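# Architecture at a glance
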Amino acid sequence: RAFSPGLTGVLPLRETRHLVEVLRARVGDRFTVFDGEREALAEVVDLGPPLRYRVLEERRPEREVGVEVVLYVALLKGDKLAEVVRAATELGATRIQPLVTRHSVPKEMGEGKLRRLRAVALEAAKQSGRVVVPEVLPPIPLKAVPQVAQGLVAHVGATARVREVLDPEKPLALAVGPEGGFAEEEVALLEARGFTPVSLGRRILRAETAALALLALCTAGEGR
Ligand SMILES: C[S@@+](CC[C@H](N)C(=O)[O-])C[C@H]1O[C@@H](n2cnc3c(N)ncnc32)[C@H](O)[C@@H]1O
């Protein structure tokens, strides 16, 4: 795959070189090009440089992470979850699950909130390139959080880095605590669901910044 800003048929110097120089490209070879916004298949026309290609068929850029990415975040005060669902949507979350935690101020979510979150979601995906829209389900209790093939819980009291446990091939389950945070009993209770504690640095982070940090380290970090 090559990088061509705009898919105009003119591969920038760097791209032209590597393909012909290193990869050893010739006239006829069918490769793909993308500019980050769209993509398509091509057929090396002239080696230039710059190498001029022939777009054969417009492709649909891979936008999804690859595995299911569930975000279990505690109900936040105000419209915080609105900023979370947005960033999370553009970060790869394929499903967002609000959680009712001991210290989570709000204990429930009205159809109005669940409405705006879904609105924000279906918009964030649209504005991120994603065609898939993350599912924003009605809140539930921690106890409901099922067993997970893989789970990471942003825990201030942890020593494990995400890049030391993250298994790219297996689905992903994330968990962030409310403004107050997860209760010592809640945390371990999640670990009993398959959630491995993870640190997001040596500074206190808002539930929103925490969900973003965690998410970014499991997708944007791995370049997926
Ligand atoms: C802002 S914290 C609540 C206050 C925090 N327990 C404290 O006393 O420092 C809410 C959530 O943000 C996430 N978080 C914030 N800072 C974190 C950190 N340094 N490491 C891991 N998670 C963190 C966790 O999900 C935490 O439950």
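Criteria and thresholds
- Residues numbered from 1 in each chain as written, not as in the entry; some residues may be left out.
- Heavy atoms only, no water.
- Domains from an automatic or database assignment.
- Buried < 20%, exposed > 50% of the residue type's maximum accessible area, 1.4 Å probe, protein only.
- Helix = DSSP H or I, 4+ residues; strand = E, 2+ residues; numbered from the N terminus.
- Arc of directions from axis to C-beta.
- Contact = heavy atoms within 4.5 Å.
- Near = heavy atom within 4 Å.
- Polar contact = N/O pair within 3.5 Å; in protein donor to acceptor, adjacent residues only side chain to side chain.
- Areas by Shrake-Rupley, 256 points an atom, 1.4 Å probe, with all protein chains shown as cover.
- 1 Å grid on protein atoms, 1.4 Å probe; cavity = no way out; pocket = protein on both sides within 12 Å on 5 of 7 lines; lining within 4 Å.
- Sits in = over half its atoms within 2 Å of the grid points.
- Nonpolar A, V, L, I, M, F, W, Y, C, P; charged D, E, K, R; others polar.
- Pairing = 2+ DSSP bridges.
- Right-handed = clockwise from strand over helix to strand, strands pointing away.
- Axes fitted to C-alpha atoms, helices over the stretch in contact; angles between N-to-C directions.
- Parallel < 35°, antiparallel > 145°, perpendicular 65-115°, else oblique.
- Points joined across faces, edges and corners; volume = space filled by probe spheres on them.

In the PDB archive, X-ray crystallography is given as the structure determination method for this entry, at a resolution of 2.80 Å.

Here the protein is partitioned into domain 1 (1-62) and domain 2 (63-224). A separation of 37 Å is found between the C-alpha centroids of domain 1 and domain 2.

So, about helix α4 (residues 184-191). By the burial criterion, the buried members of α4 are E186, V187 and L190. End-on view of α4: buried residues confined to an arc of 100°, all on one side of the axis. Contacts from the buried residues of α4 go to β9 (151-154), β10 (172-176) and β11 (195-198).

Our next topic: unusual backbone geometry. Looking along the chain, the bond that leaves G48 and enters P49 is cis, with omega of 0°. Topologically, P49 is positioned in the loop between β3 (39-41) and β4 (57-59). For the bond from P49 to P50, the omega torsion is 0°, close enough to zero to count as cis. Mapping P50 onto the fold places it in the loop between β3 and β4.

Attention shifts here to the site of the ligand. Near the ligand lie 17 residues; those nearest to it are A154, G177, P178, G180 and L205. In this structure, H155 approaches the ligand through a main-chain N or O atom, which is 3.5 Å from a nitrogen atom. At 3.2 Å from a nitrogen atom of the ligand is found a main-chain nitrogen or oxygen belonging to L200. Contact with the protein chains removes 81% of the 570 Å² of surface that the ligand exposes when unbound. If you map the ligand onto the pockets, it falls in the largest pocket. Per-class residue counts for the shell around the ligand are 10 nonpolar, 5 polar and 2 charged.

Further remarks concern the pairing of strand β6 (residues 95-100). Across the 6 residues of β6, 5 count as buried, placing the element largely inside the fold. Taken together, the 5 bridges between strand β5 (residues 69-74) and β6 define a ladder with parallel strand orientation. In the sheet register, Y72 faces β6, and the bridge partner there is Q97. In this region the chain leaves β5, passes through helix α2 (residues 80-91) and returns to the parallel neighbour β6; the handedness of that crossover is right-handed.

Bringing the packing of α2 against helix α5 (residues 207-218) into the picture now. Running from amino to carboxyl end, α2 crosses α5 at an angle of 10°, the nearest separation of the two axes being 9 Å. By the angle between their axes, α2 is roughly parallel relative to α5. Contact residues: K80, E83, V84, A87, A88 and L91 in α2; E208, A211, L212, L215 and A216 in α5. Looking at the contact of α2 with α5, its residues break down into 8 nonpolar, no polar and 3 charged.

Moving on to the sheet that holds strand β1 (residues 2-3). The strands that make up a sheet pair up through hydrogen bonds in the backbone, lying either parallel or antiparallel. Pairing in this open sheet of 4 strands is mixed, and the strands run β1-β2-β3-β4 from one edge to the other. Both edges of this open sheet fall to β1 and β4, since each of them pairs with a single strand only. Where β1 lies against strand β2 (residues 32-34), 2 bridges are found, and the strand directions are parallel. Paired with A2 across the bridge in β2 is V33.

This part covers the layout of surface pockets. A water-sized probe rolled over the atoms picks out the places where empty space is left. Each pocket or cavity is described by its volume, and for the largest pocket that value is around 390 Å³. Taken together, 23 residues line the largest pocket, and the ones lying closest to its centre are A154, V156, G177, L205 and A210. Taken together, the residues of the lining of the largest pocket sort by class into 11 nonpolar, 6 polar and 6 charged. Space inside the second largest pocket adds up to approximately 310 Å³. Along its surface, the second largest pocket is lined by 14 residues, and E62, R63, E64, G223 and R224 are the ones closest to its centre. Here the residues of the lining of the second largest pocket sort into 3 nonpolar, 5 polar and 6 charged.

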